[PDB]
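Take a look at the structure below.
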Amino acid sequence: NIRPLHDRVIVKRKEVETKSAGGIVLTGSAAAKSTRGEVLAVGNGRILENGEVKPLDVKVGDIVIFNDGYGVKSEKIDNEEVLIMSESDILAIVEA
Amino acid sequence: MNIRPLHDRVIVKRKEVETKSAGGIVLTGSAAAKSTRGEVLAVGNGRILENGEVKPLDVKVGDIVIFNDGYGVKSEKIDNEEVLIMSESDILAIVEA
Amino acid sequence: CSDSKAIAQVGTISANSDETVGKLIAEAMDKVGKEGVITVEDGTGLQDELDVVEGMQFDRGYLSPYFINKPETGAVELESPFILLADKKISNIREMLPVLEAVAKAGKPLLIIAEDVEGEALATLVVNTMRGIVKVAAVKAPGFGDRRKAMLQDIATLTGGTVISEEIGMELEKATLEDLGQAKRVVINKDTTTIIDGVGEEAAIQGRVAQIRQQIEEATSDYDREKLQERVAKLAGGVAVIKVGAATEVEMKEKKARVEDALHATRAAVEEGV
Amino acid sequence: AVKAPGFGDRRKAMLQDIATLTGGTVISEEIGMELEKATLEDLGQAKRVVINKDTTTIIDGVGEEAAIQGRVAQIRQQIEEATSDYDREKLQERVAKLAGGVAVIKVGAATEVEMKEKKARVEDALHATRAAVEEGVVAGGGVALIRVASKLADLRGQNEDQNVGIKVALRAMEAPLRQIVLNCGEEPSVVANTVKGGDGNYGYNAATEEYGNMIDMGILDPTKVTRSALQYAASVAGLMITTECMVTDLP
Ligand SMILES: Nc1ncnc2c1ncn2[C@@H]1O[C@H](COP(=O)(O)OP(=O)(O)O)[C@@H](O)[C@H]1O
Ligand SMILES: [Mg+2]
């Protein structure tokens, strides 16, 4: 395993283009890919002004909603496709 | 299966376009309606500035709120009805009477 | 001029002593009545042919070929389907859940008539028939905008459905399982789409027939009467088409000319007598 | 990796011919599937495949005989069209590749003008054998028409004028035979007589310039071509003798 640094979290994407969750809704053509994820591991924290180490509000193995910009970068780790992003890119943390 | 918004971000369920109650009763349709009203579900902790930590979002839960729909608002699906999520900065006023 | 014997005779006279032409017109006029439409087309084989299509049949094809059911030759047969038409093109409106899920809740094969279907909406439609959630097929509407929409509401009352318009105070995402009409069975091919029997009251149909009667004359005389009677025959009674046969292309021009002549004469003979 | 067969719809149709043969699934951008999402089941299988600079070949691919016969049965509806010629050439081409096999005849010649003659004689013979196969054969030398004319001799019409129309036809069915003889520069009158005196397949051989059995001598008319020639000529000629007036543009 690897550790991201500062405020940056490394997340594994959830299934793409299949909206199959919610309502009775089936699968459509026009695609919206991976608005949610399980993460992997997280950074120490972000410094602010001098903020030193402030622990990220998101814990590890939590499933979350996000908006994907370029801040998130597509990487391939351990034969797995993964997204690296800044915590500010996480929107909400969903819980069953 | 409730959902929890991160700090500074609030999750709110939209209120459907009102058949016009202004010029009563003359109704507008069929088109989208700018939201002078809205509902909510859960609230984030708050936003941090220069160690300013988390200033509790001035909006509580169950509060009726007015908001502008910008690029900052996202649409998500939760069990049954789909709801939208936003930052407290995008909330303008809360209606009370 | 009333009896089909007399009709076939005045038909034969205009046909230059061709008894086949007269008796055939008489057969069409006997089956579909005074008002049934009769058309003349160039022939395949060397023999004359009379086709009769009863009930509702209109001209348009299926937009996606994968919808084919039980029947071969690309035949799609759907049992008790539901029809709704929104006037608009459906790509982005692919969401349309609440309505589909309502149909999903029903578990019926759908027959879908719309203004047009974009490829985006088409793909997810393919997935529904393969996946099995609901078996569904969709075909395009018959006419040009003003003419089609006028004959569309006519179809709505036939199957007891209600026309939804985006050009009206109704929305694409808003529809109910009850708003749809029903039919006994439907068969769709490359060219024609067909409805055998729809479920509707005897009241709405001829009530609609009594209102179109004022539309039959108007100021317009002959030229809208053509498509209107075209519409009228389709809706209540039925339409008949005669395929005229000939051996060679030069004889086809002669055969067809004698056939149209006799046809107009029977109409004239019928209305004004002989 | 090889390019698809043709320009669109030629190519797209022949994938489904190729797809169902090898039991694979065609991946299309026009349906709810895409290339990055694919299953090993979307792939087809074959025993062997051979590719060269100009050609690609699939040796005994594996697909049901049920599915294969399904595509041919769908082309049966495709057999009858309004496209007529070239439609039939390219349509059977797909079918032959899927079930049977293809044959190509290369006509040889010294010069280009002899090539146009050799190939033209080959095209006639091809259509004729095909037509002979389906609709059967009758005695050549136009003796069929001259024989059917002999059989119809007692035929009468509604009026006296109509009778002449009937007789005119029978006399005219003699024409083909009588013309062949004349091209040999021999008395047509004599040959017509000596053939009409006899019955059945007894006829004149123009090449050997001696009489005999047409069928035994291998002189055969596909029945379809003889039937067609008679029908078409009568249709237009029948209409043509009805002319009381002619209108045209001025010089
Ligand atoms: N060796 C032969 N002896 C007698 N008749 C022949 C011989 N070869 C061909 N024929 C006749 O001549 C005709 C040949 O027709 P041809 O000129 O090849 O084309 P088309 O059928 O368009 O006239 C056939 O009807 C056939 O019966
Ligand atoms: Mg006349």
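By order in the structure tokens, chains are A, B, ...; within a chain, residues start at 1; ligands start at 1, following the order shown.
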Any chance you could list, as a compact mmCIF listing (two decimals) with C-alpha atoms, in the first residue's frame, the residues in region 23-81 of chain B that come up strand (DSSP E) when DSSP is run on the backbone?
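Output below, filename result.txt:
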# COMPACT_ATOMS: atom_id res chain seq x y z
CA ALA B 42 -28.67 17.01 6.52
CA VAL B 43 -26.01 19.64 7.15
CA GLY B 46 -18.69 24.05 8.53
CA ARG B 47 -15.94 25.84 6.62
CA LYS B 55 -18.32 27.95 11.86
CA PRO B 56 -21.59 26.03 12.25
CA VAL B 65 -34.32 27.74 2.11
CA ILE B 66 -33.83 29.90 -0.98
CA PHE B 67 -30.85 29.13 -3.18
CA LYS B 74 -24.85 18.46 -8.08
CA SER B 75 -27.74 16.04 -8.61
CA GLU B 76 -27.65 12.64 -6.90
CA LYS B 77 -29.98 9.69 -6.47
Q.
Contacts from chain A to chain B, 7 Å maximum, only C-alpha atoms: show me the residue list as a PyMOL selection string.
A. chain A and resi 22-23+48-49+51+91-96
Q) Could you pull the residues within 12 Å of region 235-250 of chain D, counting only C-alpha atoms, minus those fewer than 5 positions along the same chain, as a list in words? A) residues 46, 246, 247, 248, 249, 250, 251, 252, 253, 254 and 255 of chain C; 162, 165, 166, 168, 169, 172, 228, 229 and 230 of chain D
Write to file, as a tab-separated table (two decimals), in the first residue's frame, the residues of the selection just made, with C-alpha atoms.
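Wrote it out as part38.tsv, contents follow:
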chain	number	residue	atom	x	y	z
C	46	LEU	CA	-49.47	-10.35	-64.93
C	246	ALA	CA	-49.69	-5.88	-66.59
C	247	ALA	CA	-47.26	-7.86	-68.75
C	248	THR	CA	-45.07	-5.01	-70.00
C	249	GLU	CA	-44.35	-1.42	-69.01
C	250	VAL	CA	-46.12	0.14	-72.02
C	251	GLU	CA	-49.22	-1.97	-71.31
C	252	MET	CA	-49.10	-0.85	-67.69
C	253	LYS	CA	-49.74	2.75	-68.73
C	254	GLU	CA	-52.74	1.56	-70.77
C	255	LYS	CA	-54.06	-0.78	-68.09
D	162	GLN	CA	-60.71	-12.13	-83.11
D	165	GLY	CA	-55.66	-12.38	-84.19
D	166	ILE	CA	-55.37	-15.99	-83.04
D	168	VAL	CA	-51.71	-14.36	-86.79
D	169	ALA	CA	-50.01	-15.54	-83.61
D	172	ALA	CA	-45.81	-15.84	-86.14
D	228	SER	CA	-40.77	-14.93	-72.00
D	229	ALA	CA	-39.93	-14.09	-75.60
D	230	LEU	CA	-43.43	-15.09	-76.74
Q. Quick one: which residues from chain C are at most 10 Å off chain A, using only C-alpha atoms, as a VMD selection string?
A. chain C and resid 91 to 92 94 to 98 100 to 102 104 to 105 119 to 128 131 133
What does the file look like for those residues with N, CA, C and O atoms, as a CSV table (one decimal), in the first residue's frame?
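Wrote selection06.csv, looks like this:
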chain,number,residue,atom,x,y,z
C,91,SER,N,-34.6,12.2,-27.1
C,91,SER,CA,-33.3,11.8,-26.8
C,91,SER,C,-33.0,12.0,-25.3
C,91,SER,O,-32.8,11.0,-24.6
C,92,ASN,N,-32.9,13.3,-24.9
C,92,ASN,CA,-32.5,13.7,-23.6
C,92,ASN,C,-33.6,13.4,-22.5
C,92,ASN,O,-33.4,13.4,-21.3
C,94,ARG,N,-34.9,10.7,-22.1
C,94,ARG,CA,-34.7,9.3,-21.8
C,94,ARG,C,-35.0,9.0,-20.3
C,94,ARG,O,-34.9,7.8,-20.0
C,95,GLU,N,-35.2,9.9,-19.5
C,95,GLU,CA,-35.3,9.7,-18.1
C,95,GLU,C,-36.7,9.1,-17.9
C,95,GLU,O,-36.8,7.9,-17.5
C,96,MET,N,-37.7,9.9,-18.1
C,96,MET,CA,-39.0,9.4,-18.3
C,96,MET,C,-39.4,8.2,-17.4
C,96,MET,O,-40.4,7.5,-17.7
C,97,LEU,N,-38.7,8.0,-16.4
C,97,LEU,CA,-38.9,6.9,-15.5
C,97,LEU,C,-40.4,6.9,-15.0
C,97,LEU,O,-41.2,6.2,-15.6
C,98,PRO,N,-40.7,7.7,-14.0
C,98,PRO,CA,-42.0,7.5,-13.3
C,98,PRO,C,-43.0,6.9,-14.2
C,98,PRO,O,-43.8,6.0,-13.7
C,100,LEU,N,-42.4,5.0,-17.2
C,100,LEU,CA,-41.9,3.7,-17.6
C,100,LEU,C,-42.0,2.7,-16.5
C,100,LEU,O,-42.5,1.5,-16.7
C,101,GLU,N,-41.6,3.1,-15.3
C,101,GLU,CA,-41.7,2.2,-14.1
C,101,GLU,C,-43.1,1.8,-13.9
C,101,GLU,O,-43.4,0.7,-13.4
C,102,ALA,N,-44.0,2.8,-14.2
C,102,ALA,CA,-45.4,2.5,-14.0
C,102,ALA,C,-45.8,1.4,-15.0
C,102,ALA,O,-46.7,0.6,-14.7
C,104,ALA,N,-43.5,-0.5,-16.1
C,104,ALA,CA,-42.7,-1.6,-15.6
C,104,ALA,C,-43.5,-2.3,-14.5
C,104,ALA,O,-43.4,-3.6,-14.4
C,105,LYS,N,-44.2,-1.6,-13.7
C,105,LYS,CA,-45.1,-2.1,-12.7
C,105,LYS,C,-46.2,-2.9,-13.3
C,105,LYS,O,-46.7,-3.9,-12.7
C,119,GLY,N,-31.1,8.3,-31.5
C,119,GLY,CA,-30.3,7.1,-31.2
C,119,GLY,C,-30.0,6.9,-29.8
C,119,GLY,O,-29.8,5.8,-29.3
C,120,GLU,N,-29.9,8.0,-29.0
C,120,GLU,CA,-29.5,8.0,-27.6
C,120,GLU,C,-30.6,7.2,-26.9
C,120,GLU,O,-30.3,6.3,-26.1
C,121,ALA,N,-31.8,7.7,-27.1
C,121,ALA,CA,-33.0,7.0,-26.5
C,121,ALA,C,-33.2,5.6,-27.0
C,121,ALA,O,-33.7,4.7,-26.3
C,122,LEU,N,-32.8,5.4,-28.2
C,122,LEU,CA,-32.9,4.1,-28.9
C,122,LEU,C,-32.1,3.0,-28.2
C,122,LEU,O,-32.6,1.9,-28.0
C,123,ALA,N,-30.8,3.3,-27.8
C,123,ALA,CA,-29.9,2.3,-27.2
C,123,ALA,C,-30.5,1.7,-25.9
C,123,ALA,O,-30.5,0.5,-25.8
C,124,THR,N,-31.0,2.5,-25.0
C,124,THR,CA,-31.6,2.0,-23.8
C,124,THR,C,-32.8,1.2,-24.0
C,124,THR,O,-33.2,0.4,-23.2
C,125,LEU,N,-33.5,1.5,-25.2
C,125,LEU,CA,-34.7,0.8,-25.6
C,125,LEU,C,-34.3,-0.6,-25.9
C,125,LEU,O,-35.1,-1.6,-25.7
C,126,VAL,N,-33.2,-0.8,-26.6
C,126,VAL,CA,-32.7,-2.1,-27.0
C,126,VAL,C,-32.4,-2.9,-25.8
C,126,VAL,O,-32.8,-4.1,-25.7
C,127,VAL,N,-31.8,-2.3,-24.8
C,127,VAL,CA,-31.5,-3.0,-23.5
C,127,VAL,C,-32.7,-3.5,-22.8
C,127,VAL,O,-32.6,-4.5,-22.1
C,128,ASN,N,-33.8,-2.8,-22.9
C,128,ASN,CA,-35.0,-3.2,-22.2
C,128,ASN,C,-35.6,-4.5,-22.7
C,128,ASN,O,-36.1,-5.4,-22.0
C,131,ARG,N,-32.9,-7.3,-21.8
C,131,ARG,CA,-32.8,-7.5,-20.4
C,131,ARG,C,-34.1,-8.2,-19.8
C,131,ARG,O,-34.0,-9.0,-19.0
C,133,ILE,N,-36.9,-6.5,-18.5
C,133,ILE,CA,-37.7,-5.8,-17.5
C,133,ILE,C,-39.1,-5.5,-18.0
C,133,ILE,O,-40.0,-5.8,-17.3
Select, as a PDB file with N, CA, C and O atoms, in the first residue's frame, those residues of chain C with any atom no more than 12 Å from chain B (distances computed using only C-alpha atoms).
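Done, and the output landed in part28.pdb:
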ATOM      1  N   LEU C  97     -38.674   7.993 -16.358  1.00  0.00           N
ATOM      2  CA  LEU C  97     -38.925   6.890 -15.452  1.00  0.00           C
ATOM      3  C   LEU C  97     -40.371   6.903 -15.014  1.00  0.00           C
ATOM      4  O   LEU C  97     -41.209   6.204 -15.583  1.00  0.00           O
ATOM      5  N   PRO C  98     -40.664   7.691 -13.985  1.00  0.00           N
ATOM      6  CA  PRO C  98     -41.957   7.511 -13.319  1.00  0.00           C
ATOM      7  C   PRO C  98     -43.019   6.865 -14.209  1.00  0.00           C
ATOM      8  O   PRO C  98     -43.809   6.047 -13.741  1.00  0.00           O
ATOM      9  N   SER C 165     -49.014  16.668 -24.904  1.00  0.00           N
ATOM     10  CA  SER C 165     -48.292  17.594 -25.770  1.00  0.00           C
ATOM     11  C   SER C 165     -47.274  18.414 -24.984  1.00  0.00           C
ATOM     12  O   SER C 165     -47.530  18.808 -23.850  1.00  0.00           O
ATOM     13  N   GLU C 166     -46.113  18.652 -25.585  1.00  0.00           N
ATOM     14  CA  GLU C 166     -45.096  19.498 -24.968  1.00  0.00           C
ATOM     15  C   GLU C 166     -45.377  20.920 -25.425  1.00  0.00           C
ATOM     16  O   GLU C 166     -44.851  21.891 -24.889  1.00  0.00           O
ATOM     17  N   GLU C 167     -46.219  21.013 -26.447  1.00  0.00           N
ATOM     18  CA  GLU C 167     -46.651  22.286 -27.005  1.00  0.00           C
ATOM     19  C   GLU C 167     -47.916  22.702 -26.246  1.00  0.00           C
ATOM     20  O   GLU C 167     -48.557  23.705 -26.559  1.00  0.00           O
ATOM     21  N   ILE C 168     -48.281  21.878 -25.267  1.00  0.00           N
ATOM     22  CA  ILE C 168     -49.423  22.109 -24.393  1.00  0.00           C
ATOM     23  C   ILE C 168     -48.939  22.105 -22.945  1.00  0.00           C
ATOM     24  O   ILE C 168     -47.738  21.994 -22.687  1.00  0.00           O
ATOM     25  N   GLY C 169     -49.870  22.227 -22.005  1.00  0.00           N
ATOM     26  CA  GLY C 169     -49.544  22.374 -20.597  1.00  0.00           C
ATOM     27  C   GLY C 169     -49.250  21.017 -19.972  1.00  0.00           C
ATOM     28  O   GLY C 169     -49.607  20.757 -18.817  1.00  0.00           O
ATOM     29  N   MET C 170     -48.603  20.151 -20.754  1.00  0.00           N
ATOM     30  CA  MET C 170     -48.237  18.803 -20.323  1.00  0.00           C
ATOM     31  C   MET C 170     -46.751  18.523 -20.602  1.00  0.00           C
ATOM     32  O   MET C 170     -46.198  19.013 -21.583  1.00  0.00           O
ATOM     33  N   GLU C 171     -46.133  17.681 -19.774  1.00  0.00           N
ATOM     34  CA  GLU C 171     -44.684  17.467 -19.813  1.00  0.00           C
ATOM     35  C   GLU C 171     -44.278  16.049 -20.241  1.00  0.00           C
ATOM     36  O   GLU C 171     -45.045  15.101 -20.076  1.00  0.00           O
ATOM     37  N   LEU C 172     -43.066  15.911 -20.782  1.00  0.00           N
ATOM     38  CA  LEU C 172     -42.554  14.614 -21.256  1.00  0.00           C
ATOM     39  C   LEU C 172     -42.340  13.603 -20.117  1.00  0.00           C
ATOM     40  O   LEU C 172     -42.555  12.401 -20.286  1.00  0.00           O
ATOM     41  N   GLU C 173     -41.921  14.103 -18.958  1.00  0.00           N
ATOM     42  CA  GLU C 173     -41.658  13.244 -17.805  1.00  0.00           C
ATOM     43  C   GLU C 173     -42.937  12.864 -17.064  1.00  0.00           C
ATOM     44  O   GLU C 173     -42.953  11.893 -16.300  1.00  0.00           O
ATOM     45  N   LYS C 174     -44.006  13.614 -17.305  1.00  0.00           N
ATOM     46  CA  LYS C 174     -45.261  13.375 -16.616  1.00  0.00           C
ATOM     47  C   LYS C 174     -46.270  12.591 -17.456  1.00  0.00           C
ATOM     48  O   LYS C 174     -46.802  13.085 -18.448  1.00  0.00           O
TER      49      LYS C 174
END
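The part of chain D that reaches within 8 Å of chain C is made up of residues 30, 31, 32, 74, 77, 231, 232, 235, 236 and 239 of chain D, counting only C-alpha atoms.
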Okay, now the selection with N, CA, C and O atoms, as a CSV table (one decimal), in the first residue's frame?
chain,number,residue,atom,x,y,z
D,30,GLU,N,-24.1,1.9,-32.2
D,30,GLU,CA,-25.5,2.3,-32.4
D,30,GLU,C,-26.5,1.6,-31.4
D,30,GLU,O,-27.7,1.8,-31.5
D,31,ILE,N,-26.0,0.7,-30.6
D,31,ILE,CA,-26.8,0.0,-29.6
D,31,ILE,C,-26.2,0.3,-28.2
D,31,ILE,O,-25.2,1.0,-28.1
D,32,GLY,N,-26.7,-0.3,-27.2
D,32,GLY,CA,-26.3,-0.1,-25.8
D,32,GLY,C,-25.0,-0.7,-25.4
D,32,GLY,O,-24.7,-0.8,-24.2
D,74,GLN,N,-34.0,-15.1,-43.8
D,74,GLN,CA,-34.3,-13.7,-43.7
D,74,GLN,C,-34.0,-13.1,-45.1
D,74,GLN,O,-34.6,-12.0,-45.4
D,77,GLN,N,-36.8,-13.2,-47.9
D,77,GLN,CA,-37.6,-12.0,-48.0
D,77,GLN,C,-36.8,-11.0,-48.7
D,77,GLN,O,-37.3,-10.0,-49.3
D,231,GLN,N,-44.4,-14.1,-74.7
D,231,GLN,CA,-45.3,-13.3,-73.9
D,231,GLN,C,-45.0,-11.8,-74.2
D,231,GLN,O,-45.9,-11.0,-74.5
D,232,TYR,N,-43.8,-11.4,-74.1
D,232,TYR,CA,-43.4,-10.0,-74.2
D,232,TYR,C,-43.7,-9.4,-75.5
D,232,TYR,O,-44.2,-8.3,-75.6
D,235,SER,N,-47.5,-8.8,-76.0
D,235,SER,CA,-48.0,-7.7,-75.2
D,235,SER,C,-47.8,-6.4,-75.9
D,235,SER,O,-48.8,-5.6,-76.1
D,236,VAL,N,-46.6,-6.1,-76.4
D,236,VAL,CA,-46.3,-4.8,-77.0
D,236,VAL,C,-46.9,-4.7,-78.5
D,236,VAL,O,-47.3,-3.7,-78.9
D,239,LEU,N,-50.7,-4.3,-78.5
D,239,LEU,CA,-51.0,-2.9,-78.3
D,239,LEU,C,-50.6,-2.1,-79.5
D,239,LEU,O,-51.2,-1.1,-79.8
Q: List all protein, DNA and RNA residues that have at least one atom no more than 10 Å from any atom of ligand 1, counting only C-alpha atoms and all ligand atoms, and write them as a PyMOL selection string.
A: chain D and resi 121+124-125+128+138-145+176-177+179-181+203-211+214+217-222+225-226+229
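Every residue having at least one atom no farther than 7 Å from ligand 2 is included below, with only C-alpha atoms and all ligand atoms taken into account: residues 13, 14, 15, 16, 261 and 262 of chain C.
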Write out, as a PDB file, in the first residue's frame, the residues just selected, with C-alpha atoms.
ATOM      1  CA  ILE C  13     -68.031   0.578 -69.406  1.00  0.00           C
ATOM      2  CA  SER C  14     -65.402   3.162 -68.486  1.00  0.00           C
ATOM      3  CA  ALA C  15     -62.892   0.307 -68.659  1.00  0.00           C
ATOM      4  CA  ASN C  16     -63.527  -0.281 -72.386  1.00  0.00           C
ATOM      5  CA  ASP C 261     -61.102   6.136 -65.538  1.00  0.00           C
ATOM      6  CA  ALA C 262     -63.569   3.452 -64.494  1.00  0.00           C
TER       7      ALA C 262
END
Q: Could you give me, as a ChimeraX atom specification, the residues within 12 Å of region 75-78 of chain A, counting only C-alpha atoms and dropping anything in the same chain fewer than 3 positions from it?
A: /A:1-2,10-13,40,72,81-85
Q. CA of residue 208 (chain C) to CA of residue 240 (chain C): how many Å, to one decimal?
A. 22.1 Å
Q | Within 7 Å of residue 85 (chain C) using only C-alpha atoms, minus same-chain residues under 3 positions, as a ChimeraX atom specification | A | /C:113-114,163-164
Q.
As an exercise, work out the distance from CA of residue 88 (chain A) to CA of residue 7 (chain A) in Å and give it to one decimal place.
A.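 CA of residue 7 (chain A) lies 8.1 Å from CA of residue 88 (chain A).
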**Q.** Residue contacts of residue 37 (chain C) (8 Å, only C-alpha atoms) excluding same-chain residues fewer than 4 positions away, as a list in words
**A.** residues 32, 229, 230, 233, 239, 240 and 241 of chain C
Q: Please run DSSP on the backbone and report, as an NGL selection string, all residues within region 85-223 of chain D that come out as alpha helix (DSSP H).
A: :D and (87-98 or 112-135 or 143-151 or 160-173 or 175-183 or 188-196 or 223)
Only C-alpha atoms, please: the residues just picked out, written as a PDB file, in the first residue's frame.
ATOM      1  CA  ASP D  87     -29.288  -6.637 -56.194  1.00  0.00           C
ATOM      2  CA  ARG D  88     -29.512 -10.327 -57.027  1.00  0.00           C
ATOM      3  CA  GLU D  89     -25.772 -10.579 -57.655  1.00  0.00           C
ATOM      4  CA  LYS D  90     -24.656  -9.130 -54.339  1.00  0.00           C
ATOM      5  CA  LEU D  91     -27.474 -10.708 -52.313  1.00  0.00           C
ATOM      6  CA  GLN D  92     -26.822 -14.329 -53.287  1.00  0.00           C
ATOM      7  CA  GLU D  93     -23.146 -13.526 -52.861  1.00  0.00           C
ATOM      8  CA  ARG D  94     -23.665 -13.121 -49.110  1.00  0.00           C
ATOM      9  CA  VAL D  95     -25.864 -16.228 -49.027  1.00  0.00           C
ATOM     10  CA  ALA D  96     -23.449 -18.397 -51.004  1.00  0.00           C
ATOM     11  CA  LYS D  97     -20.574 -17.440 -48.708  1.00  0.00           C
ATOM     12  CA  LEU D  98     -22.624 -18.389 -45.638  1.00  0.00           C
ATOM     13  CA  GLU D 112     -10.183  -6.597 -75.901  1.00  0.00           C
ATOM     14  CA  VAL D 113     -12.864  -6.745 -78.639  1.00  0.00           C
ATOM     15  CA  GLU D 114     -12.869 -10.563 -78.587  1.00  0.00           C
ATOM     16  CA  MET D 115     -13.149 -10.325 -74.808  1.00  0.00           C
ATOM     17  CA  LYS D 116     -16.396  -8.367 -75.099  1.00  0.00           C
ATOM     18  CA  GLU D 117     -17.693 -11.112 -77.409  1.00  0.00           C
ATOM     19  CA  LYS D 118     -16.573 -14.062 -75.279  1.00  0.00           C
ATOM     20  CA  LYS D 119     -17.903 -12.622 -72.010  1.00  0.00           C
ATOM     21  CA  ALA D 120     -21.217 -11.671 -73.640  1.00  0.00           C
ATOM     22  CA  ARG D 121     -21.707 -15.235 -74.896  1.00  0.00           C
ATOM     23  CA  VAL D 122     -20.852 -16.449 -71.388  1.00  0.00           C
ATOM     24  CA  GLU D 123     -23.403 -14.182 -69.714  1.00  0.00           C
ATOM     25  CA  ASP D 124     -26.124 -15.424 -72.054  1.00  0.00           C
ATOM     26  CA  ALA D 125     -25.207 -19.035 -71.279  1.00  0.00           C
ATOM     27  CA  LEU D 126     -25.163 -18.370 -67.523  1.00  0.00           C
ATOM     28  CA  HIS D 127     -28.628 -16.831 -67.362  1.00  0.00           C
ATOM     29  CA  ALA D 128     -29.892 -19.545 -69.680  1.00  0.00           C
ATOM     30  CA  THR D 129     -28.654 -22.478 -67.590  1.00  0.00           C
ATOM     31  CA  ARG D 130     -29.967 -20.852 -64.415  1.00  0.00           C
ATOM     32  CA  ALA D 131     -33.305 -20.294 -66.136  1.00  0.00           C
ATOM     33  CA  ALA D 132     -33.278 -23.773 -67.621  1.00  0.00           C
ATOM     34  CA  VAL D 133     -32.682 -25.240 -64.168  1.00  0.00           C
ATOM     35  CA  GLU D 134     -35.635 -23.608 -62.424  1.00  0.00           C
ATOM     36  CA  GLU D 135     -38.290 -23.495 -65.168  1.00  0.00           C
ATOM     37  CA  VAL D 143     -39.426 -25.901 -82.586  1.00  0.00           C
ATOM     38  CA  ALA D 144     -41.274 -25.573 -79.293  1.00  0.00           C
ATOM     39  CA  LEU D 145     -43.255 -22.573 -80.568  1.00  0.00           C
ATOM     40  CA  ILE D 146     -43.864 -24.252 -83.925  1.00  0.00           C
ATOM     41  CA  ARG D 147     -45.094 -27.291 -82.010  1.00  0.00           C
ATOM     42  CA  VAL D 148     -47.402 -25.389 -79.646  1.00  0.00           C
ATOM     43  CA  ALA D 149     -48.788 -23.612 -82.687  1.00  0.00           C
ATOM     44  CA  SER D 150     -49.735 -26.979 -84.166  1.00  0.00           C
ATOM     45  CA  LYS D 151     -51.547 -27.892 -80.941  1.00  0.00           C
ATOM     46  CA  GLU D 160     -64.436 -13.340 -86.845  1.00  0.00           C
ATOM     47  CA  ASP D 161     -61.927 -10.527 -86.336  1.00  0.00           C
ATOM     48  CA  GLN D 162     -60.710 -12.127 -83.110  1.00  0.00           C
ATOM     49  CA  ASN D 163     -60.099 -15.363 -85.032  1.00  0.00           C
ATOM     50  CA  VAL D 164     -57.540 -13.608 -87.245  1.00  0.00           C
ATOM     51  CA  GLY D 165     -55.659 -12.383 -84.187  1.00  0.00           C
ATOM     52  CA  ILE D 166     -55.368 -15.988 -83.043  1.00  0.00           C
ATOM     53  CA  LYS D 167     -54.183 -17.235 -86.434  1.00  0.00           C
ATOM     54  CA  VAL D 168     -51.708 -14.360 -86.794  1.00  0.00           C
ATOM     55  CA  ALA D 169     -50.008 -15.542 -83.606  1.00  0.00           C
ATOM     56  CA  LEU D 170     -49.625 -19.158 -84.676  1.00  0.00           C
ATOM     57  CA  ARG D 171     -48.171 -18.107 -88.032  1.00  0.00           C
ATOM     58  CA  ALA D 172     -45.805 -15.840 -86.136  1.00  0.00           C
ATOM     59  CA  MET D 173     -44.619 -18.642 -83.851  1.00  0.00           C
ATOM     60  CA  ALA D 175     -40.958 -17.058 -87.413  1.00  0.00           C
ATOM     61  CA  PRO D 176     -38.030 -18.045 -85.116  1.00  0.00           C
ATOM     62  CA  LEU D 177     -37.443 -21.387 -86.847  1.00  0.00           C
ATOM     63  CA  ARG D 178     -37.961 -19.913 -90.301  1.00  0.00           C
ATOM     64  CA  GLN D 179     -35.459 -17.182 -89.474  1.00  0.00           C
ATOM     65  CA  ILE D 180     -32.738 -19.563 -88.308  1.00  0.00           C
ATOM     66  CA  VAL D 181     -32.926 -21.465 -91.586  1.00  0.00           C
ATOM     67  CA  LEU D 182     -32.742 -18.266 -93.641  1.00  0.00           C
ATOM     68  CA  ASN D 183     -29.565 -17.270 -91.812  1.00  0.00           C
ATOM     69  CA  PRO D 188     -37.296 -21.553 -94.994  1.00  0.00           C
ATOM     70  CA  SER D 189     -40.478 -22.639 -96.754  1.00  0.00           C
ATOM     71  CA  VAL D 190     -39.208 -26.196 -97.216  1.00  0.00           C
ATOM     72  CA  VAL D 191     -37.904 -26.655 -93.667  1.00  0.00           C
ATOM     73  CA  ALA D 192     -41.021 -25.277 -91.994  1.00  0.00           C
ATOM     74  CA  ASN D 193     -43.111 -27.715 -94.023  1.00  0.00           C
ATOM     75  CA  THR D 194     -40.957 -30.755 -93.317  1.00  0.00           C
ATOM     76  CA  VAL D 195     -40.930 -29.959 -89.595  1.00  0.00           C
ATOM     77  CA  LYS D 196     -44.632 -29.162 -89.340  1.00  0.00           C
ATOM     78  CA  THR D 223     -38.491 -22.932 -71.293  1.00  0.00           C
TER      79      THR D 223
END
